[PDB]
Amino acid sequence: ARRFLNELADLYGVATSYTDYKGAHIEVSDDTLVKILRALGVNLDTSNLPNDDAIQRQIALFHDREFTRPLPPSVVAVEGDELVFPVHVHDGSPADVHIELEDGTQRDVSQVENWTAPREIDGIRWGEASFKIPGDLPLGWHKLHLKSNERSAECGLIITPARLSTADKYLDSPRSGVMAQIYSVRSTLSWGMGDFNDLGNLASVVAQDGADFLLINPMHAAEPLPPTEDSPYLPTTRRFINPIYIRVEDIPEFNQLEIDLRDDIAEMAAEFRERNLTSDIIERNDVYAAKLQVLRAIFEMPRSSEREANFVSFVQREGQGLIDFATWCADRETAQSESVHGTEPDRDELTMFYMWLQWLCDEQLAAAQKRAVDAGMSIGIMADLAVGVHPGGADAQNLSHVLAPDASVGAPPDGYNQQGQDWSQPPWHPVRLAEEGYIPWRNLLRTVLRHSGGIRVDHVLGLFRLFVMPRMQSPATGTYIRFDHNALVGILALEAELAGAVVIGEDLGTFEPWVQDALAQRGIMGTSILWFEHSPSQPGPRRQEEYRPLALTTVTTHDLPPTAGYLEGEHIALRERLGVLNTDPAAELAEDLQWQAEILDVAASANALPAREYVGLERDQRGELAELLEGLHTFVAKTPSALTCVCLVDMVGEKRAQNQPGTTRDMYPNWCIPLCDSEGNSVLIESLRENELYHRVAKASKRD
C-alpha cells in the first residue's frame, strides 16, 4: 500500500513525485522510495521489498522517537524571533531549561502553554512542555541545556541575521570585479600553475583598474599526493585547502634550508617555470610531487618561537576536524607508498606534516587577501564553495556520521541531458546534520570565509533540497530530499555576516517563489549570465534595465567558452568536434547568430554599441573583437546589478573553454587550459597591463 510508503516518505522529507528539468511529471517508484529511506537509516527489509507492517512500524517508531527527544536536534532562529520549542521529559520529572551563549553568559527561557497529552513509550510515561527563547539573543552559536533529575541533554541554539549588511551596501554602491581560474594564471615565478602568491599578485593588479573583488575557483583540498583531481568541483573535503597552491619559496623557513638544496629546488622551479611561457596543458601531478618533496624538507626546519606560537595557535583554533583530516592524509600516503622492511612511517609525525600544510595554506591565503585589500579592493578575494565532496575521500570518512553515503547527488533529466546527471557526491543526512548542531556546515563555511570578502555558493538550491539517486543507479531513478533551509541558509548568512562578507548563490534554474524569497530577504545575491538571460517582458534578450539588482551579473562563466570564442561560434565548434553535439552544426550556428544578434541589438538600445541593426549581418560584419567586447562589457556595467564580473579570459582575448560540461577528461583537458591570448600565447600576470585589450575591457567595465 503506497499510502503507507507516502506517509513514511513525508516524515523523512523524501519527495514522492517531482517535475523534471524538462517539465515532465514523474511519480517516484516504490523502489526508489525504499532505497532512499534506507540510505537515510530507515530500517526496511533488505530485499528492498517491505511489508505494510514494517512500513507502519517505521511510521510509529518515527513518532515515538520524536516524542522521546529531550531537546530538538538543534534550534535555529532569526535574530528577534521568540521561537517556541518542545522539550520531552519523563512525566512528573523536572524540565529545567536554560541557555548558554557562545561567550559563556547564561540566559533564561520562558515556559509557554503546551496542550499535548503524555504518552507511554517502551514502559515510560513521557510528557511534553514548550519553552520560548528571548527575542534579544546575540548572533551566534549558543546552546540549550536541559536537566531532568539525573538525565541531561543539550542542543545547539543558533541565532542567525535577518539580512547580510553587504547586500544594501552594494545595492547602493554597485561595484565590479574580475573572475580568474587561478591555477591557470601564471607569473614568471609560478611552478607551471598559479599559486597563492599569484592570487594576491593578480588581485593587486586588477585592483589598479577598479576591480573590488577577485572571484576564483574552489580551492578545497583534493588528494594529499599525486595523482590528483583536476576538477576543483570534486574535492576531498570542502573545509580544508589544497596544498598544491603553496608557493614554497614564500615560506619563512624556506630560507633556512642549505644553499645546495635551494639550488636543487631552483633547478626544479626553473623547469616548471618554462611551462609558464607555453600554452601547453596544465599538469598538476608532477608539480605537486615536486612541491611535496620540498615541503618535506622545509618541515624539518626549526621555527622561531613566534612562528611556533602562531602554528600552535592555528592548530588550537581548528580543533579536532584538522587532526581528523590530517590523519586521513597520513593514512592515504602510507597506503599508497611502499615502505621498506623493518621500517614504519611515523603516523603522528605525518599527521603533523598535513596539519602544518594547512597552516601554510592559511597564512598564504591571509597574505593574498591582505594584498587585495591593501590594493584598494572593498571585498577582496571571493571564494567559490563546491556543492560536495568525493565519495571515497577525507570528508566522506570523517563526516560519515552526518552523510547519507548510499545516495548520490545529481540532477534530474534535461532536454540537454536525457539521462540526467550524477555528480557522485554523498549528500548531507538532513536529520543527523541537525543533531550535530550543524557544526560541520559551520566549520567548512568559517574556513572558506576566513580570508575572503565573499562566497559564491555553487548550486544554492541545495540549501533547500537535493536531487539524489541510490548510489550507482541512473539519475532517472532519483528523487528530491528536503533540508531545513532556515538552518542551512540561516547559517550561511550568519557565517558571512560574521566575516563581513558578500554571499552569491548560483541560481540558474527556476524554482518556487518562496525559495527565491528566502534567499533575497537574507541579502543573498543571485547570478545573471548575459548569454542565458531572457526578458521577463518581451520575447528575446533581457533589457539592461530588467537585470535584477540583487545579483552578480557577468557576460560569461568558467563553463562557457570565453567571449572571443563564443562570438565566433566556439561553443558549437567545440561540442561538435568532441561528438557531444548530436544536432546539425549549421542549424545551431544559425540559432547562435540570431540570438547574438538580438543581444547586440538590445545592447545598442542601451547605447553600449552603435545601432547597426545586427540581425541579418554576417558573423564577421558585426565589428572587431575589441569593439564587441567593449560593447558587452559596457552593457553589463550599466545594469543596476549590485555586482558585475569581468572574466579575466575576456580581458586577454582567450578563445579556449576551461571546461566543456558533459565531457570527461579523456575528451578535453577540462580544468587544465592555461591563460592565453587570441594567438594562443601565454599571458603572464606581469604582462596583463601591457596589453591594449586588457585596458579597453577594463575601461568598458568601469561603473562610476
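The first residue of the shown sequence is 1; numbering continues from there.
Looking at mean Cα B-factors across 634-642 and 674-682, the upper value is held by 674-682.
The PDB entry reports B-factors from which the mean C-alpha value can be compared for 132-140 and 616-624; the larger average falls on 616-624. Of the candidates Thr557, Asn310, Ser190, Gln369, the PDB record gives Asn310 the highest C-alpha temperature factor. Of the residues listed, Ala167, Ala551, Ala269, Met355, the entry assigns the biggest Cα temperature factor to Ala269. In this PDB entry, the Cα temperature factor of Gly41 sits in the middle third of its chain's modelled residues. Ranked within its chain, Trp328 lands in the lowest third, by CA B factor from the PDB record. In this PDB entry, the Cα temperature factor of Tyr416 sits in the top third of its chain's modelled residues, the highest group. In this PDB entry, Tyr18 carries a Cα temperature factor that places it within the highest third of its chain's modelled residues. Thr447: CA B factor in the middle third of modelled residues in this chain (values from the PDB entry).
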